[PDB]
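Visitor: First the structure, then my questions, so here it is.
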Amino acid sequence: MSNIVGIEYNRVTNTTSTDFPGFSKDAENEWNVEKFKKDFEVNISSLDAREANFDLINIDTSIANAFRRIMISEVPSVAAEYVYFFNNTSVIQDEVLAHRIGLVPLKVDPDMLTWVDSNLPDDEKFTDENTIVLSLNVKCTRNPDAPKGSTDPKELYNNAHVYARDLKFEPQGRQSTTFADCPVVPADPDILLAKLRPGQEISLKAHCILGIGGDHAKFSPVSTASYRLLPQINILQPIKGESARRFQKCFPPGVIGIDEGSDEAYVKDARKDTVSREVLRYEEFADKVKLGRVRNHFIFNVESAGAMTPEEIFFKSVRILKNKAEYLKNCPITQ
Amino acid sequence: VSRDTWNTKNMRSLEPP
Amino acid sequence: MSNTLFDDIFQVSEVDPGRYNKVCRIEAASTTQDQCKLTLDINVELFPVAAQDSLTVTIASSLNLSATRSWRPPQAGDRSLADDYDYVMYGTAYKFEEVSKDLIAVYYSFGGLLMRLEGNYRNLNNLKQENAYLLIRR
Amino acid sequence: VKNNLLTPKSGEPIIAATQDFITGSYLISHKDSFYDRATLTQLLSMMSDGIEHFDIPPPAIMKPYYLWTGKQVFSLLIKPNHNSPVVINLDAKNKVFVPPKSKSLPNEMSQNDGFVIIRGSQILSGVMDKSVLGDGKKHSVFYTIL
Amino acid sequence: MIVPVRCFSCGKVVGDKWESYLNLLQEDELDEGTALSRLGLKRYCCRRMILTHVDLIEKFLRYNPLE
Amino acid sequence: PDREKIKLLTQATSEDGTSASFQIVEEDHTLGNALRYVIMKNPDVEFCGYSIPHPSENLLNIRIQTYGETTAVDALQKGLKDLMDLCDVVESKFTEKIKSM
Ligand SMILES: [Zn+2]
């Protein structure tokens with residue numbers, strides 16, 4: 001047992017932490033930094049402009065899951081909230097178009113907007129520190145030079161497909177200077193917002209405000225933020241010859257390797273392993289292999305929607321956890 | 001990548017509305 | 001010393017997991033006491049038991065030789081029983097029954113892990129009380 | 001509802017555990033269920049609203065680890081602390097009860113946890129079944145508490 | 001009607017991959033599976049969002065009333 | 001001075017502290033589970049655990065019971081501070097690794 005999550009053919013064992021005083025007579029594992037500070041490790045496997053893969057090692061499941069939950073549902077992001085239709089003559093209903101525009105992610109960095117206060121009148125609620133205004137003005141006209149038998153609407157008609165790029169930033173007051181170097185643009189500009197035929201027009205502007213993923217999914221800044229426990233494969237007895245190849249076929253191709261000369265099977269990369277327990281259904285490696293998962297080794301994969309970098313999302317999550325802890329500590333307890 | 005952005009930038013969005 | 005209500009060496013006859021993955025009902029006959037049998041449910045994940053091995057089974061009250069009402073573990077450095085024992089459970093003797101003349105069975109429940117102890121002359125040692133620690137060492 | 005937990009046609013309890021409640025109770029009271037102190041206290045807090053006092057009993061296993069069984073969890077469910085007056089004594093057969101290995105052996109020595117014994121609100125044997133937490137049985141835990 | 005902007009389960013943007021998937025199917029033809037894997041749709045939720053979509057808007061536009 | 005954030009539930013509080021239920025508004029499993037873990041890593045705490053009484057209410061009742069040494073309020077403050085220190089350590093390690101790479 002002992003920090004390894006047991007992966008069996010019918011059940012999962014040892015999913016709880018058991019690292020607190022009161023678990024045993026030896027009242028060890030009592031909280032102290034300079035012990036967590038020395039044990040804890042961060043290993044960044046990769047870092048991209050939209051995806052981050054990093055390892056949180058020797059941290060608790062509760063803390064790692066707090067980070068994941070905050071990333072998904074508590075890190076703020078800017079999304080369209082109110083869409084004002086001047087004219088929607090297309091076939092898509094206005095409410096559907098508004099939903100799609102809200103689902104479009106904007107490449108506007110937060111901390112450059114202020115949270116909207118709803119305790120104020122609509123005519124004073126939206127400010128320049130508060131809102132991003134994006135306009136969409138697209139009108140479909142039949143292309144007169146359409147090639148013979150050009151069924152494709154792209155050549156048959158002009159502006160027959162509305163894209164997220166068609167949304168244009170309308171700088172308001174300071175926005176003109178604050179967003180001069182970074183004009184608000186859709187993170188994904190090829191999103192097919194709508195498809196129109198000749199005579200159909202779409203004219204709208206959208207008010208994009210800060211929001212919270214827990215409130216509406218459009219405000220969630222991660223396409224997916226999640227972790228997985230590091231898989232552990234223990235080969236208890238030597239497996240060789242052709243049973244070794246059969247053993248190797250029970251894992252993803254680069255997981256375990258075949259030794260040369262030794263001819264035995266050995267674990268080459270347990271990180272590449274999806275825990276499918278395919279080896280646990282064969283009654284010939286039953287006494288030869290032990291599948292597990294390190295309970296406190298987390299492989300975080302953060303994919304940002306496009307507004308911020310995944311490392312910034314993760315740091316914002318840990319800061320949010322710290323800040324709510326600090327706010328609760330400073331709050332006086334009422335009877 | 002591999003550059004901090006939180007140290008330089010004031011996290012205004014993390015204030016409580 | 002005087003806190004031990006029973007103590008014997010048992011030879012384990014059967015260990016069968018009946019639709020269980022970490023608890024086994026061991027059957028153990030006593031050594032030098034031919035009338036003494038033992039049926040015991042044990043977490044074999046914490047204390048693995050095989051067939052035909054020697055077990056020292058000791059029944060003790062007051063293992064350690066506020067009005068907070070919640071059980072508190074003893075201090076780490078406390079000189080107590082269970083230091084010389086691998087596996088310890090705490091339960092209650094909830095039934096005494098006669099199996100024949102000069103032969104009785106005593107039933108303990110260690111949180112649902114049952115134990116049936118069979119013997120003849122223990123009347124001044126085993127009582128129906130919550131204070132009952134069961135200590136097994138190999 | 002509290003005054004009509006029994007049907008007047010036979011007196012057997014009719015308000016009782018449904019499917020998932022029965023399954024969760026059985027999985028908790030299953031003999032393989034062991035919980036350390038943190039897991040047990042979280043279970044009790046979920047059992048209450050976090051606004052009930054619980055007197056944590058001594059663990060069923062004291063070495064090498066302090067482990068509580070799920071039957072202790074359900075004993076605390078019945079009687080959370082010393083101030084609660086609910087002292088329940090009950091003998092019941094679970095719906096799947098394979099008899100003990102010998103005809104002479106008592107009913108709680110069943111090969112499976114098929115016989116429930118409760119003494120002083122302390123669950124001593126048996127799983128939390130439908131026959132013990134469901135409707136139509138006058139040996140139910142809730143029928144006895146009522 | 002039209003391809004949803006995000007996957008229902010993950011929230012990954014799949015509305016910017018519909019036309020690329022169609023072009024992968026038609027121009028330089030691929031299998032649907034490898035065309036989905038080429039676009040980056042690794043998770044089966046994002047895979048089904050594109051694989052099971054029915055583009056009904058192209059059929060609704062045949063009845064455009066303001067030609 | 002936010003007096004509506006965390007409240008002591010007096011009906012579920014013992015005499016001379018050492019047992020208390022705290023109701024924290026606008027919190028959920030995120031803070032609840034991390035706080036429960038940290039508080040349980042306190043050697044004086046004998047009982048920690050939170051419950052969200054209803055999904056329709058942004059509410060969180062966290063139950064702390066200690067031995068006679070300290071009080072539940074003391075344990076809760078210590079757990080909050082220790083969570084703060086934990087997040088400090090995680091921030092420092094993450095920033096160092098992001099800078100290095
Ligand atoms: Zn998806």
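Quick note on naming: the chains in the structure tokens go A, B, ... in the order shown, residues restart at 1 in each chain, and ligands are numbered from 1 in order of appearance.
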Write out as a list in words each polymer residue (protein, DNA or RNA) that has an atom no more than 8 Å from ligand 1, with only C-alpha atoms and all ligand atoms counted.
Guide: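 So, counting only C-alpha atoms and all ligand atoms, the residues near ligand 1 are residues 6, 7, 8, 9, 10, 11, 12, 13, 14, 41, 43, 44, 45, 46, 47 and 49 of chain E.
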Visitor: Among chain F, which residues does DSSP mark as alpha helix (DSSP H) when it is run on the backbone? Keep the chain and numbering as in the structure and answer as a PyMOL selection string.
Guide: chain F and resi 29-40+72-100
Visitor: The selected residues should be written to file as a short mmCIF file (atom, residue, chain, number, x, y, z; two decimals), in the first residue's frame (atoms: N, CA and C atoms).
Guide:
```
data_model
loop_
_atom_site.label_atom_id
_atom_site.label_comp_id
_atom_site.auth_asym_id
_atom_site.auth_seq_id
_atom_site.Cartn_x
_atom_site.Cartn_y
_atom_site.Cartn_z
N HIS F 29 -16.47 22.94 -2.01
CA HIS F 29 -15.55 21.84 -1.79
C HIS F 29 -14.10 22.26 -1.95
N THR F 30 -13.83 23.26 -2.80
CA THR F 30 -12.46 23.70 -3.04
C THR F 30 -11.77 24.09 -1.74
N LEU F 31 -12.29 25.11 -1.06
CA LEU F 31 -11.71 25.50 0.21
C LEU F 31 -12.00 24.46 1.29
N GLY F 32 -13.17 23.82 1.24
CA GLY F 32 -13.55 22.91 2.30
C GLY F 32 -12.60 21.74 2.46
N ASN F 33 -12.26 21.09 1.35
CA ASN F 33 -11.44 19.88 1.43
C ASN F 33 -10.00 20.20 1.77
N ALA F 34 -9.45 21.26 1.17
CA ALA F 34 -8.09 21.68 1.51
C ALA F 34 -7.99 22.09 2.97
N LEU F 35 -8.96 22.87 3.45
CA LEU F 35 -8.97 23.27 4.85
C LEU F 35 -9.10 22.06 5.76
N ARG F 36 -9.95 21.10 5.39
CA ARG F 36 -10.10 19.89 6.20
C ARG F 36 -8.80 19.10 6.27
N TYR F 37 -8.11 18.95 5.14
CA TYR F 37 -6.83 18.26 5.13
C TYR F 37 -5.81 18.96 6.03
N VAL F 38 -5.67 20.27 5.87
CA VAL F 38 -4.68 21.01 6.65
C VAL F 38 -5.00 20.95 8.14
N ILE F 39 -6.28 21.13 8.49
CA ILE F 39 -6.67 21.09 9.90
C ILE F 39 -6.45 19.70 10.47
N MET F 40 -6.71 18.66 9.68
CA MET F 40 -6.48 17.31 10.17
C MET F 40 -5.00 17.03 10.36
N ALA F 72 -11.48 25.04 18.93
CA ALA F 72 -11.79 24.86 17.52
C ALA F 72 -11.49 26.12 16.72
N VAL F 73 -11.72 27.29 17.31
CA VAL F 73 -11.37 28.54 16.63
C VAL F 73 -9.87 28.63 16.43
N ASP F 74 -9.09 28.27 17.45
CA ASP F 74 -7.64 28.26 17.32
C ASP F 74 -7.20 27.31 16.21
N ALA F 75 -7.79 26.11 16.17
CA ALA F 75 -7.44 25.14 15.15
C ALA F 75 -7.80 25.64 13.76
N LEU F 76 -8.95 26.29 13.62
CA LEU F 76 -9.36 26.82 12.32
C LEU F 76 -8.41 27.92 11.85
N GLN F 77 -8.04 28.84 12.74
CA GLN F 77 -7.09 29.89 12.38
C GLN F 77 -5.75 29.29 11.99
N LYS F 78 -5.29 28.29 12.75
CA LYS F 78 -4.03 27.64 12.42
C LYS F 78 -4.09 26.95 11.07
N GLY F 79 -5.21 26.28 10.77
CA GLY F 79 -5.35 25.63 9.48
C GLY F 79 -5.37 26.61 8.33
N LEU F 80 -6.04 27.75 8.52
CA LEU F 80 -6.06 28.78 7.48
C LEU F 80 -4.66 29.33 7.23
N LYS F 81 -3.92 29.61 8.31
CA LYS F 81 -2.55 30.11 8.16
C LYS F 81 -1.65 29.07 7.51
N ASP F 82 -1.86 27.80 7.83
CA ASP F 82 -1.03 26.74 7.27
C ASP F 82 -1.33 26.52 5.80
N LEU F 83 -2.60 26.67 5.40
CA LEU F 83 -2.94 26.67 3.99
C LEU F 83 -2.29 27.84 3.27
N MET F 84 -2.26 29.01 3.91
CA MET F 84 -1.53 30.15 3.36
C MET F 84 -0.07 29.81 3.11
N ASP F 85 0.59 29.19 4.10
CA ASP F 85 1.99 28.82 3.94
C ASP F 85 2.18 27.79 2.84
N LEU F 86 1.27 26.81 2.76
CA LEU F 86 1.31 25.82 1.69
C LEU F 86 1.26 26.50 0.32
N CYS F 87 0.34 27.45 0.15
CA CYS F 87 0.22 28.13 -1.13
C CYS F 87 1.44 29.00 -1.41
N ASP F 88 2.03 29.59 -0.37
CA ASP F 88 3.29 30.30 -0.54
C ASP F 88 4.36 29.38 -1.12
N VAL F 89 4.49 28.18 -0.55
CA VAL F 89 5.52 27.25 -1.01
C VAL F 89 5.27 26.84 -2.45
N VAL F 90 4.01 26.53 -2.78
CA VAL F 90 3.69 26.12 -4.14
C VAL F 90 3.98 27.25 -5.12
N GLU F 91 3.61 28.48 -4.76
CA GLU F 91 3.90 29.63 -5.61
C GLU F 91 5.39 29.80 -5.84
N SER F 92 6.18 29.69 -4.77
CA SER F 92 7.62 29.88 -4.90
C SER F 92 8.24 28.82 -5.81
N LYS F 93 7.87 27.55 -5.60
CA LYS F 93 8.42 26.49 -6.44
C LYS F 93 8.01 26.67 -7.90
N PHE F 94 6.73 26.98 -8.14
CA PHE F 94 6.26 27.14 -9.51
C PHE F 94 6.95 28.31 -10.20
N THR F 95 7.09 29.44 -9.50
CA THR F 95 7.76 30.59 -10.08
C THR F 95 9.22 30.29 -10.39
N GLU F 96 9.91 29.60 -9.47
CA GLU F 96 11.30 29.24 -9.70
C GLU F 96 11.45 28.34 -10.92
N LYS F 97 10.58 27.34 -11.06
CA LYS F 97 10.69 26.43 -12.19
C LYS F 97 10.33 27.12 -13.50
N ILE F 98 9.31 27.99 -13.48
CA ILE F 98 8.93 28.71 -14.69
C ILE F 98 10.05 29.63 -15.14
N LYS F 99 10.71 30.30 -14.18
CA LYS F 99 11.86 31.12 -14.54
C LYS F 99 13.00 30.28 -15.10
N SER F 100 13.35 29.19 -14.42
CA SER F 100 14.48 28.37 -14.84
C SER F 100 14.25 27.72 -16.20
#
```
Visitor: Pick from C:72, C:22, C:128, C:37: nearest to residue C:99, with only C-alpha atoms counted?
Guide: C:37
Visitor: Within 10 Å of chain A, which residues belong to chain E? Use only C-alpha atoms and report them as a ChimeraX atom specification.
Guide: /E:1-20,57-58,60-67
Visitor: Would you write out those residues with N, CA, C and O atoms, as a compact mmCIF listing (two decimals), in the first residue's frame?
Guide:
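Here's the written file part.txt:
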```
# COMPACT_ATOMS: atom_id res chain seq x y z
N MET E 1 -28.03 22.37 -36.35
CA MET E 1 -28.05 23.51 -37.24
C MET E 1 -26.64 23.82 -37.73
O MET E 1 -26.30 23.56 -38.88
N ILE E 2 -25.82 24.36 -36.84
CA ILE E 2 -24.46 24.77 -37.15
C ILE E 2 -23.55 24.21 -36.08
O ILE E 2 -23.99 23.89 -34.97
N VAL E 3 -22.27 24.05 -36.42
CA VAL E 3 -21.34 23.40 -35.50
C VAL E 3 -21.25 24.20 -34.21
O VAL E 3 -21.10 25.43 -34.25
N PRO E 4 -21.40 23.57 -33.04
CA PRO E 4 -21.30 24.31 -31.79
C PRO E 4 -19.90 24.88 -31.60
O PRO E 4 -18.91 24.32 -32.08
N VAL E 5 -19.83 26.01 -30.90
CA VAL E 5 -18.55 26.70 -30.73
C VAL E 5 -17.61 25.88 -29.87
O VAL E 5 -16.42 25.75 -30.18
N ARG E 6 -18.12 25.30 -28.79
CA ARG E 6 -17.31 24.53 -27.86
C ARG E 6 -17.84 23.11 -27.75
O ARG E 6 -19.02 22.85 -28.00
N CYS E 7 -16.95 22.19 -27.40
CA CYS E 7 -17.37 20.86 -27.00
C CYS E 7 -18.23 20.94 -25.75
O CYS E 7 -17.94 21.71 -24.84
N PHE E 8 -19.30 20.14 -25.72
CA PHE E 8 -20.23 20.20 -24.60
C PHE E 8 -19.56 19.79 -23.29
O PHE E 8 -19.88 20.33 -22.23
N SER E 9 -18.62 18.85 -23.35
CA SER E 9 -18.03 18.30 -22.14
C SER E 9 -16.78 19.04 -21.69
O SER E 9 -16.68 19.44 -20.53
N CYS E 10 -15.83 19.26 -22.60
CA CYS E 10 -14.57 19.90 -22.22
C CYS E 10 -14.65 21.42 -22.26
O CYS E 10 -14.08 22.09 -21.39
N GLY E 11 -15.37 21.97 -23.23
CA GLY E 11 -15.29 23.39 -23.51
C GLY E 11 -14.24 23.77 -24.52
O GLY E 11 -14.07 24.96 -24.80
N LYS E 12 -13.53 22.79 -25.08
CA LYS E 12 -12.57 23.05 -26.14
C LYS E 12 -13.29 23.59 -27.37
O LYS E 12 -14.37 23.11 -27.74
N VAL E 13 -12.69 24.59 -28.01
CA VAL E 13 -13.29 25.19 -29.19
C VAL E 13 -13.23 24.20 -30.34
O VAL E 13 -12.15 23.80 -30.79
N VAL E 14 -14.40 23.78 -30.82
CA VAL E 14 -14.51 22.93 -32.00
C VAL E 14 -15.22 23.61 -33.15
O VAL E 14 -15.28 23.04 -34.25
N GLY E 15 -15.77 24.80 -32.94
CA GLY E 15 -16.45 25.52 -34.01
C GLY E 15 -15.53 26.12 -35.05
O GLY E 15 -16.00 26.53 -36.11
N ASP E 16 -14.23 26.17 -34.77
CA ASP E 16 -13.24 26.65 -35.72
C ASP E 16 -12.56 25.50 -36.45
O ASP E 16 -11.58 25.73 -37.18
N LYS E 17 -13.05 24.28 -36.29
CA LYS E 17 -12.48 23.11 -36.93
C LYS E 17 -13.43 22.42 -37.90
O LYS E 17 -13.01 21.48 -38.58
N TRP E 18 -14.68 22.87 -37.99
CA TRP E 18 -15.65 22.23 -38.87
C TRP E 18 -15.22 22.33 -40.33
O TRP E 18 -15.21 21.33 -41.06
N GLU E 19 -14.87 23.54 -40.78
CA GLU E 19 -14.49 23.72 -42.18
C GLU E 19 -13.18 23.02 -42.49
O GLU E 19 -13.01 22.45 -43.57
N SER E 20 -12.23 23.04 -41.55
CA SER E 20 -10.97 22.33 -41.75
C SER E 20 -11.20 20.83 -41.85
O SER E 20 -10.56 20.15 -42.66
N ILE E 57 -27.97 23.78 -41.10
CA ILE E 57 -28.12 25.16 -41.53
C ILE E 57 -28.00 25.28 -43.04
O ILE E 57 -28.69 26.08 -43.67
N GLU E 58 -27.13 24.47 -43.66
CA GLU E 58 -27.02 24.49 -45.12
C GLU E 58 -28.31 24.05 -45.78
O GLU E 58 -28.61 24.46 -46.91
N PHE E 60 -31.36 24.55 -44.20
CA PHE E 60 -32.31 25.61 -43.90
C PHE E 60 -32.13 26.81 -44.84
O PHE E 60 -33.11 27.49 -45.18
N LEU E 61 -30.89 27.08 -45.25
CA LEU E 61 -30.63 28.20 -46.15
C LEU E 61 -31.20 28.00 -47.54
O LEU E 61 -31.29 28.98 -48.30
N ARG E 62 -31.60 26.78 -47.91
CA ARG E 62 -32.26 26.59 -49.19
C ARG E 62 -33.64 27.23 -49.23
O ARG E 62 -34.20 27.40 -50.31
N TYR E 63 -34.18 27.60 -48.07
CA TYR E 63 -35.48 28.25 -47.95
C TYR E 63 -35.34 29.70 -47.50
O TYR E 63 -36.22 30.23 -46.82
N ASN E 64 -34.24 30.35 -47.87
CA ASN E 64 -34.02 31.73 -47.48
C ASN E 64 -35.12 32.61 -48.06
O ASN E 64 -35.29 32.64 -49.29
N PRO E 65 -35.87 33.33 -47.24
CA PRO E 65 -37.05 34.06 -47.73
C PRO E 65 -36.79 35.48 -48.20
O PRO E 65 -37.72 36.11 -48.71
N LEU E 66 -35.58 35.99 -48.03
CA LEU E 66 -35.24 37.36 -48.43
C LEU E 66 -34.13 37.38 -49.47
O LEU E 66 -33.17 38.14 -49.36
N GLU E 67 -34.26 36.53 -50.49
CA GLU E 67 -33.33 36.48 -51.61
C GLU E 67 -33.31 37.80 -52.38
O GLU E 67 -32.58 38.72 -52.03
```
Visitor: Smallest atom-to-atom distance to chain F: which of D:19, D:39, D:140, D:25, using only C-alpha atoms?
Guide: D:39
Visitor: Could you check the closest approach to residue D:44 for each of F:6, F:64, F:101, F:45 and tell me which residue wins, using only C-alpha atoms?
Guide: F:64
Visitor: Near residue C:17, counting only C-alpha atoms, which residues have an atom at most 12 Å away, once you skip same-chain residues fewer than 6 positions from it, shown as a PDB file with N, CA, C and O atoms, in the first residue's frame?
Guide:
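Below you can see selection15.pdb, which holds the result:
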```pdb
ATOM      1  N   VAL C  23     -10.184  -9.161   4.314  1.00  0.00           N
ATOM      2  CA  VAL C  23     -10.543  -9.771   5.588  1.00  0.00           C
ATOM      3  C   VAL C  23     -10.707 -11.269   5.376  1.00  0.00           C
ATOM      4  O   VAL C  23     -11.403 -11.696   4.449  1.00  0.00           O
ATOM      5  N   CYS C  24     -10.063 -12.060   6.228  1.00  0.00           N
ATOM      6  CA  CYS C  24     -10.134 -13.510   6.160  1.00  0.00           C
ATOM      7  C   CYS C  24     -10.540 -14.084   7.509  1.00  0.00           C
ATOM      8  O   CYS C  24     -10.080 -13.631   8.561  1.00  0.00           O
ATOM      9  N   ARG C  25     -11.405 -15.089   7.464  1.00  0.00           N
ATOM     10  CA  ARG C  25     -11.849 -15.823   8.645  1.00  0.00           C
ATOM     11  C   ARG C  25     -10.873 -16.969   8.877  1.00  0.00           C
ATOM     12  O   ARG C  25     -10.984 -18.025   8.248  1.00  0.00           O
ATOM     13  N   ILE C  26      -9.925 -16.768   9.775  1.00  0.00           N
ATOM     14  CA  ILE C  26      -8.961 -17.811  10.093  1.00  0.00           C
ATOM     15  C   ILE C  26      -9.576 -18.768  11.102  1.00  0.00           C
ATOM     16  O   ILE C  26     -10.369 -18.370  11.963  1.00  0.00           O
ATOM     17  N   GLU C  27      -9.237 -20.044  10.971  1.00  0.00           N
ATOM     18  CA  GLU C  27      -9.536 -21.052  11.975  1.00  0.00           C
ATOM     19  C   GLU C  27      -8.225 -21.518  12.586  1.00  0.00           C
ATOM     20  O   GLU C  27      -7.284 -21.853  11.860  1.00  0.00           O
ATOM     21  N   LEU C  40     -11.591 -16.368  13.864  1.00  0.00           N
ATOM     22  CA  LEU C  40     -11.258 -14.956  13.968  1.00  0.00           C
ATOM     23  C   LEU C  40     -11.225 -14.320  12.588  1.00  0.00           C
ATOM     24  O   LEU C  40     -10.624 -14.871  11.662  1.00  0.00           O
ATOM     25  N   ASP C  41     -11.875 -13.166  12.460  1.00  0.00           N
ATOM     26  CA  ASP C  41     -11.799 -12.352  11.256  1.00  0.00           C
ATOM     27  C   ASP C  41     -10.658 -11.357  11.404  1.00  0.00           C
ATOM     28  O   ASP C  41     -10.617 -10.593  12.372  1.00  0.00           O
ATOM     29  N   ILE C  42      -9.737 -11.362  10.445  1.00  0.00           N
ATOM     30  CA  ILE C  42      -8.529 -10.551  10.514  1.00  0.00           C
ATOM     31  C   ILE C  42      -8.358  -9.793   9.208  1.00  0.00           C
ATOM     32  O   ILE C  42      -8.598 -10.340   8.125  1.00  0.00           O
ATOM     33  N   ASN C  43      -7.952  -8.531   9.310  1.00  0.00           N
ATOM     34  CA  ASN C  43      -7.493  -7.788   8.144  1.00  0.00           C
ATOM     35  C   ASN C  43      -6.155  -8.363   7.705  1.00  0.00           C
ATOM     36  O   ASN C  43      -5.109  -8.009   8.255  1.00  0.00           O
ATOM     37  N   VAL C  44      -6.180  -9.253   6.707  1.00  0.00           N
ATOM     38  CA  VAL C  44      -4.960  -9.914   6.259  1.00  0.00           C
ATOM     39  C   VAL C  44      -4.124  -9.024   5.359  1.00  0.00           C
ATOM     40  O   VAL C  44      -3.024  -9.420   4.953  1.00  0.00           O
ATOM     41  N   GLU C  45      -4.615  -7.835   5.027  1.00  0.00           N
ATOM     42  CA  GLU C  45      -3.820  -6.808   4.378  1.00  0.00           C
ATOM     43  C   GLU C  45      -2.841  -6.141   5.335  1.00  0.00           C
ATOM     44  O   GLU C  45      -1.718  -5.823   4.930  1.00  0.00           O
ATOM     45  N   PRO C  48      -0.976 -10.349   7.500  1.00  0.00           N
ATOM     46  CA  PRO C  48      -1.188 -11.534   6.664  1.00  0.00           C
ATOM     47  C   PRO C  48      -1.010 -12.819   7.456  1.00  0.00           C
ATOM     48  O   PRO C  48      -0.033 -12.993   8.188  1.00  0.00           O
ATOM     49  N   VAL C  49      -1.975 -13.723   7.302  1.00  0.00           N
ATOM     50  CA  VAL C  49      -1.983 -15.010   7.982  1.00  0.00           C
ATOM     51  C   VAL C  49      -2.066 -16.102   6.927  1.00  0.00           C
ATOM     52  O   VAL C  49      -2.914 -16.044   6.031  1.00  0.00           O
ATOM     53  N   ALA C  50      -1.186 -17.091   7.031  1.00  0.00           N
ATOM     54  CA  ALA C  50      -1.193 -18.249   6.154  1.00  0.00           C
ATOM     55  C   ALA C  50      -1.626 -19.480   6.937  1.00  0.00           C
ATOM     56  O   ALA C  50      -1.728 -19.450   8.166  1.00  0.00           O
TER      57      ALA C  50
ATOM     58  N   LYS D  31     -17.668  -5.629   5.167  1.00  0.00           N
ATOM     59  CA  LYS D  31     -16.611  -6.004   6.100  1.00  0.00           C
ATOM     60  C   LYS D  31     -15.229  -5.565   5.636  1.00  0.00           C
ATOM     61  O   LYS D  31     -14.305  -5.504   6.454  1.00  0.00           O
ATOM     62  N   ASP D  32     -15.062  -5.259   4.353  1.00  0.00           N
ATOM     63  CA  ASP D  32     -13.793  -4.778   3.825  1.00  0.00           C
ATOM     64  C   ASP D  32     -13.599  -3.280   4.005  1.00  0.00           C
ATOM     65  O   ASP D  32     -12.553  -2.757   3.612  1.00  0.00           O
ATOM     66  N   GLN D 111     -21.332 -17.227   7.058  1.00  0.00           N
ATOM     67  CA  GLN D 111     -20.149 -17.103   6.216  1.00  0.00           C
ATOM     68  C   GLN D 111     -20.085 -15.739   5.542  1.00  0.00           C
ATOM     69  O   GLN D 111     -19.004 -15.153   5.432  1.00  0.00           O
ATOM     70  N   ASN D 112     -21.221 -15.221   5.085  1.00  0.00           N
ATOM     71  CA  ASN D 112     -21.328 -13.827   4.695  1.00  0.00           C
ATOM     72  C   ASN D 112     -21.867 -13.028   5.879  1.00  0.00           C
ATOM     73  O   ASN D 112     -22.295 -13.582   6.892  1.00  0.00           O
TER      74      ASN D 112
END
```
Visitor: At a cut-off of 12 Å, list the chain B residues touching chain F, using only C-alpha atoms, as a PDB file with N, CA and C atoms, in the first residue's frame.
Guide:
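See part25.pdb below for the written result:
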```
ATOM      1  N   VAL B   1       7.381  31.565 -23.826  1.00  0.00           N
ATOM      2  CA  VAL B   1       7.131  30.928 -22.540  1.00  0.00           C
ATOM      3  C   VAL B   1       8.346  31.063 -21.628  1.00  0.00           C
ATOM      4  N   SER B   2       8.243  30.492 -20.427  1.00  0.00           N
ATOM      5  CA  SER B   2       9.294  30.519 -19.409  1.00  0.00           C
ATOM      6  C   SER B   2       9.580  31.927 -18.897  1.00  0.00           C
ATOM      7  N   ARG B   3       8.575  32.802 -18.891  1.00  0.00           N
ATOM      8  CA  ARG B   3       8.697  34.149 -18.350  1.00  0.00           C
ATOM      9  C   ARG B   3       7.512  34.442 -17.440  1.00  0.00           C
ATOM     10  N   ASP B   4       7.795  35.027 -16.277  1.00  0.00           N
ATOM     11  CA  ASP B   4       6.741  35.380 -15.335  1.00  0.00           C
ATOM     12  C   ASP B   4       5.937  36.569 -15.845  1.00  0.00           C
ATOM     13  N   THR B   5       4.622  36.518 -15.630  1.00  0.00           N
ATOM     14  CA  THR B   5       3.739  37.641 -15.901  1.00  0.00           C
ATOM     15  C   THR B   5       3.032  38.155 -14.658  1.00  0.00           C
ATOM     16  N   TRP B   6       2.946  37.341 -13.605  1.00  0.00           N
ATOM     17  CA  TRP B   6       2.222  37.732 -12.402  1.00  0.00           C
ATOM     18  C   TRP B   6       3.030  38.705 -11.552  1.00  0.00           C
ATOM     19  N   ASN B   7       4.356  38.549 -11.536  1.00  0.00           N
ATOM     20  CA  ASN B   7       5.201  39.439 -10.745  1.00  0.00           C
ATOM     21  C   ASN B   7       5.114  40.874 -11.250  1.00  0.00           C
ATOM     22  N   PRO B  16     -12.182  40.811  -5.034  1.00  0.00           N
ATOM     23  CA  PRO B  16     -13.578  40.383  -4.915  1.00  0.00           C
ATOM     24  C   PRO B  16     -14.523  41.465  -5.403  1.00  0.00           C
TER      25      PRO B  16
END
```
Visitor: Can you work out which residues from chain A touch chain D at a cut-off of 7 Å (counting only C-alpha atoms) and hand them back as a list in words?
Guide: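 Close enough to count are residues 22, 23 and 24 of chain A.
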Visitor: Residues of chain C were defined as contacting chain F if any atom lay at most 9 Å from it, counting only C-alpha atoms; please report them as a PyMOL selection string.
Guide: chain C and resi 66+68+70-72
Visitor: Residues as selected, C-alpha atoms, written as a compact mmCIF listing (two decimals), in the first residue's frame, can you do that?
Guide:
```txt
# COMPACT_ATOMS: atom_id res chain seq x y z
CA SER C 66 -11.21 15.56 30.48
CA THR C 68 -13.93 14.88 26.04
CA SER C 70 -13.86 11.11 21.98
CA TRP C 71 -11.18 8.43 21.94
CA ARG C 72 -7.66 9.85 21.92
```
